[PDB]
Participant: 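First the structure, then my questions, so here it is.
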Amino acid sequence: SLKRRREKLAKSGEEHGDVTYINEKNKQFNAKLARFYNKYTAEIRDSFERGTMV
Amino acid sequence: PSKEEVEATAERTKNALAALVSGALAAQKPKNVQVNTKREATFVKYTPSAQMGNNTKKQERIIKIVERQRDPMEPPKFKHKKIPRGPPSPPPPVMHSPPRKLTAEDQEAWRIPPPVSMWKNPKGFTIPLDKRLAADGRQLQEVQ
Amino acid sequence: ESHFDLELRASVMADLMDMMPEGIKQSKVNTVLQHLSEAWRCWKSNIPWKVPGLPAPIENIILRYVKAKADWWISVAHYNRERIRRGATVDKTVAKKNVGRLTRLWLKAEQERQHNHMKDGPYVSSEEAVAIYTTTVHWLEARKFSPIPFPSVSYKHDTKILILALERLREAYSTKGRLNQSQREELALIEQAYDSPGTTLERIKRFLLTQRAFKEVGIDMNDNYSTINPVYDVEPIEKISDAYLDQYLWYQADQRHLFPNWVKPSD
Amino acid sequence: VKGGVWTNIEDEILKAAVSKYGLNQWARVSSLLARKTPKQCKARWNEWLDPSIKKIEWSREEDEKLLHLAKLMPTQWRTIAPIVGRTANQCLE
Amino acid sequence: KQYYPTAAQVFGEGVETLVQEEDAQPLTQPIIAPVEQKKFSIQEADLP
Amino acid sequence: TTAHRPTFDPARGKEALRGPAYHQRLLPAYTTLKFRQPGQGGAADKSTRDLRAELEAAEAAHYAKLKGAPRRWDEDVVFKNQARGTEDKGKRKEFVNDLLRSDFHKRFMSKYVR
Amino acid sequence: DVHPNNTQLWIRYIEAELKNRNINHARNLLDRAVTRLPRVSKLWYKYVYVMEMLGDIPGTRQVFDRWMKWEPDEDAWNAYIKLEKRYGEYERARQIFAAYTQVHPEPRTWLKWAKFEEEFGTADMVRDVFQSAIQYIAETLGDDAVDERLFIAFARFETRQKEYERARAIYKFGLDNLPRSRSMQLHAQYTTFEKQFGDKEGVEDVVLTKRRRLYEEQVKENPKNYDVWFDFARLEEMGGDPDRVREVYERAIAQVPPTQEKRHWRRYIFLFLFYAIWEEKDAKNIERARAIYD
Amino acid sequence: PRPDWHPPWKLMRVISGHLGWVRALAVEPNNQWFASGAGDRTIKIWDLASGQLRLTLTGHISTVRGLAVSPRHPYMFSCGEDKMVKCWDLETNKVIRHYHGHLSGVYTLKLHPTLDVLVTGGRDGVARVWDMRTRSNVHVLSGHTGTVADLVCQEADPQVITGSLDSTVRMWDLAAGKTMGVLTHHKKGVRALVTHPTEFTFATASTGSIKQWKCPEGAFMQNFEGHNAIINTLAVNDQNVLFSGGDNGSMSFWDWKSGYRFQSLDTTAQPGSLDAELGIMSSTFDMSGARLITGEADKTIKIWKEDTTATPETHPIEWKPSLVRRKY
């Protein structure tokens, strides 16, 4: 259990892509938000990527 | 239960509750001067047990107990204290029926979305804007 | 209000614990109380509340209790307005709270009215509209009315009209101790219009020729204790244009006899 | 003075401020963007930076809808714009 | 505008619908009437 | 800032402290119970079937009482008869379980917001 | 005292004692916990696991016996059977199946007992388990609620025993005494059985019945599938039951196409052509063929 | 045990007029009027035969959750979520006593059948036994860890039975103020309790589960199976009809002796209601058992009566002596 705790702390400390957070609890909450809501926000995310369209 | 058992119960409980009502009344209205005129004595027969260290028998004892004359001008003697309430009585066995067999689809159907408020941010989080606009239905809203 | 919130939260939580199937992991239920708060704020702002992926029984619990809170809130609004109108209260916090509640209620009703007009069409029938228009053209042709022109570049009364307009806006500022940002910038725009009347006139006429989409208008309520009435907060640059147009149209209608004798108040 | 052109610094700070503060706290947002008013920050989000705003070129169906509605409800651009699907300033321009 | 059907449509034909928004009786009229004696003459209890 | 917080564990009721009587809390009031008198009912049971019978008797009496069981100045103008079908409102009062769409609330807003 | 019924808390306390080697403290906690929460199988599993780690196999049996008194689910009965099989007491595991079928009388548990006896018993006791399962489910749930899974497994056990006549008798009896909607898979297994061991005439008999039922289901879904009607027609002709073929063609004729399109009337008139060819070349009914043409 | 036959029930009358959820109901002991208590802070008195509004009483500042009309006194007792328990003199239509001391909202109020005693239960986890005359709080029945959602008072021991949202039922010795027994059989919060009028048994309702118990020892009798809802209310006849009323608006009518459900239906919401507002929140029979009164979250009172034209051959009992293993 302690080993899994170390491994998940390391993989959470790794950062792939854009920083959307300002601390660690925020990072965890944003990851939880991505896990839940990304199946509903894909068009809005595409709009924020490219810059336009609904 | 029959009428006689109901009336026996009503008498027993009316007596116990009446004693508590008198206690509550005398607490709610202290009786101005807390002395009693009817200060008669109780007698107690007192057969003793042996001793600390002696097992020789010794004499039977008549005790005259009177309630002490207290000064009517005195306030109560002791400041009250806050003590945490004690633990409950030992909890009973939990007598449930066999557990419901759930599926992973039941677990998924009762998972709850993380709330993103449009007004509140107590921890000062920075929320991505798609997550901030997810719960808005004004993107859904259609005008004809 | 603090006590109502305590009771409401305990009721919603007891319903959710009893609704949850045995064996679901049940740490995050305070999460649902956060959804309840957000739904209440959405109701107050007349914003549709729709959480994607929220389980339907939980949504039903929240909708049920948001409506119950709304019922209590509206009943207190009614009771306090009756007390304010009667004069039965002098509590200044109660009055400003009640005016806030009635502002929110009025704007909910007003959004519903606007939506109903888009859905149920123009309420004036086309026959009624044509009859109204025809009555107007027959009247104005009988009175020989000359239509008001667009103000010329060299209209000989522009300076007087503009000075009247700017004096009206400045006297709207006359008795003011503390000024906010929009108030200070409207004073600055008025003094710039005083210093350069010709440039302001060209800008005003350019706006009147060209602009057809405008800024947002703030709305508040003025309380008279018997009624309340809407007060509109218009962008200052637009207010200068509107006041010029107001003075111009009134002067031209007076010179062209648009209003007959029965129209009151009269100057 | 409080106004002027919107630059990339201002737009990106506005988006990060919206990500901290939401869309109902424009005075906090403007307090970060202290060259613009709260009304200007809100107008910038509503007319440009909202992700539902289409900034691609107009299609022929969109043009036909725009002209048809401008004939029906004349000079009523705040009414026309949700039916067309673009902003009021986009429809007018 | 009517947004909702009538109570007769919602509840059907054999259901009586009552909208009671006013009291029949005042607050001064007691729910349980007290027993009053209404003595208007000072008559003796027994024979003196 | 978790100083301002909800209640998850509301206060549990406690047995009273026990001690000598000095503090005066609750002044005596209404120290006699009223009992139901002759004619005030309450201590008057008939029977289940009896009570049923008076129930449908009274209810049938109410239903039976409800049912009844023992050139011109006004031709110059442009719009005509525009208020027919308006005064005929008032057949049945409908309770609506939506407060913001009730006639009470509509009346309220018409009276107070002007 | 604050969380009397919390499984995670009970486990933490028990594990603190076990980690620090306070075995008697921990066993007192385990008795207290399974007294407090007798329908939480986690605490029961922890207690049986701890006693088996400590090597008290009688103690493990004691904990399991108390659990069985609480009448747990099938996983706990299975775990206790597997304990006795681990330590070699097949008669004790037999006793646990007796109690197990009394508490959980489903076909699943009866078939587990039958597989157990096939591995660790005699063929007579496998047969006794199967007969007892059929009889028990009959006397409780009714004679049409006995499961084709029981019948299939009994027949397959006899096939493993090379009792082909007994297997055929079991298959035939189950098909005769069950509804077809709940003897589907019994018939499929019977078909594979006859393809494996039966004679040729039995093979086309059972294939005829299987395909007849399949085409009947297809007609019940789509009454107007003409190629399905043609294939079931040829199936009945190759079967050679004349009244059945006549009834099949009569139902096919009664399936009249409501559309007046000649593109459907091709196949419908063509179906009349095959009714004529059958009652000219096989039934040799000339008057019936004339009636067909009329 | 074969069920007795009972006719189905049907909706007879809908009464509108409360501006909140109808949460409390009490029938006066001579069957002429009933009181309703609602989330609009109010207590209404209705004539039972005509369903007609006689009077509105105000005097709570939150939802009225409990109502009792005394059979021995001209009193009605009201308890509410503003922590307040009030005695109303019905000869003056006025509050005359308070029973103050619940730390939070008071959910349930019952009168003792033979003693001049009130029992209330609330969100502070306790039942409070009050002396009616002196307003004295003679017992704090303590031991629950959740809200005391419902409560019954009997004339023989156990004289108080409380059911609580900690999922637990307690039978209480009222003379000593102590728990005789704890019933832990329900998995969810116990919201409803009812005692039988002629036999010495009671029923408890949590979510999806109705249990019947024999007094005085609290022995388990039977489960009323199949009402899969949060049950807010139970009501029982003297003709052995048990009604269970469910928070989603679902209603069941059971034969009390056998546990057989002879009727299932849903209530209907008053026009304007959300579909989330379908729900039975309070219920009682009238004093005769011929009328069921329900208070509902669509803010209505509904009166239900038995179908007079129904017959044991028109509505046959669809019960077979079942033969499976109920895995208890």
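All values below come from the heavy atoms of this structure, side chains included, with hydrogens, waters and symmetry mates left out. Order of the sequence lines sets the chain letters (A, B, ...), proteins ahead of strands, with each chain counted from 1.
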Participant: Counting only non-hydrogen atoms closer than 4.5 Å, can you tell me which residues of residues 92-105 of chain C sit against chain A?
Facilitator: none
Participant: Taking non-hydrogen atoms and a cut-off under 4.5 angstrom, which of residues 7-25 of chain A neighbour chain C?
Facilitator: none
Participant: Should we say atom NE2 of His115(C) is surrounded by more than 12 heavy atoms from elsewhere, each under 6.0 Å from it?
Facilitator: no
Participant: Heavy atom to heavy atom, less than 4.5 Å: which residues from residues 40-54 of chain A reach chain C?
Facilitator: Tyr40(A)
Participant: Does anything in residues 43-60 of chain C get under 4.5 Å of chain A by heavy atoms, and if so which residues?
Facilitator: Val51(C), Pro52(C), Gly53(C)
Participant: Any chance CD of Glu128(C) has more than 12 other-residue heavy atoms, nucleotides or ligands included, within less than 6.0 Å?
Facilitator: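 Enclosed.
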Participant: If you count every heavy atom of other residues, nucleotides or ligands that lies below 6.0 Å from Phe150(C) atom CZ, does the total exceed 12?
Facilitator: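 Yes, enclosed.
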